[PDB]
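As structure tokens, one chain now follows by itself in the form deposited in one PDB entry.
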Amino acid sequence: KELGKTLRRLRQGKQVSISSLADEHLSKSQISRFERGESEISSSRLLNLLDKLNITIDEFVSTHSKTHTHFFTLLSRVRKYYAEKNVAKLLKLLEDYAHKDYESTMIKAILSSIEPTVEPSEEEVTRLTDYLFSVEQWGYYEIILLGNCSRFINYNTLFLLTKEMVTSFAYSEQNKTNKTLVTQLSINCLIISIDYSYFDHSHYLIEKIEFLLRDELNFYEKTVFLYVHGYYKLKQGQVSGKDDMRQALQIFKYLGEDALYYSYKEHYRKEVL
């Protein structure tokens, strides 16, 4: 509808003629009618055009519109209403997703942190975990659902799901945005393993987190891991973990991350001191 106009603008900005893009299975008329909005074009031909023009399909669609993934839109709306503490609008979003079981479960799980009246039932959570167990390629969808619902999942199932998510990611194409989320959820499961004294699970998650952080930047996850791993060493007898936690606090302080600094500081004063 308007995809053609986006293609024309980017194509012309690169000074690439339509005649230079045409070949045996892509004519100049097919490109022109698409750019003019007079005809659609096959997805394989668009991907061929974007490849010749060195435009990722992600850059192409995001230039056209921000409305192309309803799940990500739902996450941004929830992110907005949660910051506003807009209870009413979150419950309205819950009514929009009443026919979507997993999404409504996730909305109710997020809603509970600011309104204990709303809570996902155990049958709803079990349906979600059953879905996540049956998934063999963990994607952005699955990772976000687990992370935003982990508070209503028992530790045994949460650790089993985490291990399968990490394993599934290791055999994947290694999407970098998903890697970051998989790393953050593994650290969140590591925290709970240390607090509950499941040091066998803790040692396992530590080795996977180190693997996920290797040859990556991701200084935020490394900073959180420094604190959490030091917390593990403090409960294992090593007093050096106390130095690790203090260094992680200094990192938050030096970078002006006041919210993270004060959030971890009171945790350091409660469970360590």
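Each residue number is its position in the shown sequence, starting from 1. In this text, rigid core is short for the largest set of C-alphas that superpose within 1.5 Å between two forms.
The form deposited in another entry is left out here; the points below concern that form.
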Among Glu216, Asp243, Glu210, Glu40, the C-alpha that moves by 2 angstroms or more between the shown form and the other one, rigid core fixed, is that of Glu40
Large Cα shift (2 Å or above) at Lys253 between the shown form and the other one, core-fitted:
no
C-alpha of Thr180 moved at least 2 Å between the shown form and the other one on rigid core
no
Aligning on the core only, does the CA of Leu226 end up 2 angstroms or more away between the shown form and the other one?
no
Between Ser172 and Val125, does the Cα distance in that other deposited form come out closer or farther than in this form, changing by 3 Å or more?
farther
Any idea whether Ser134 and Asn175 get closer or farther by CA distance in that other deposited form, knowing it moves 3 angstroms or more?
farther
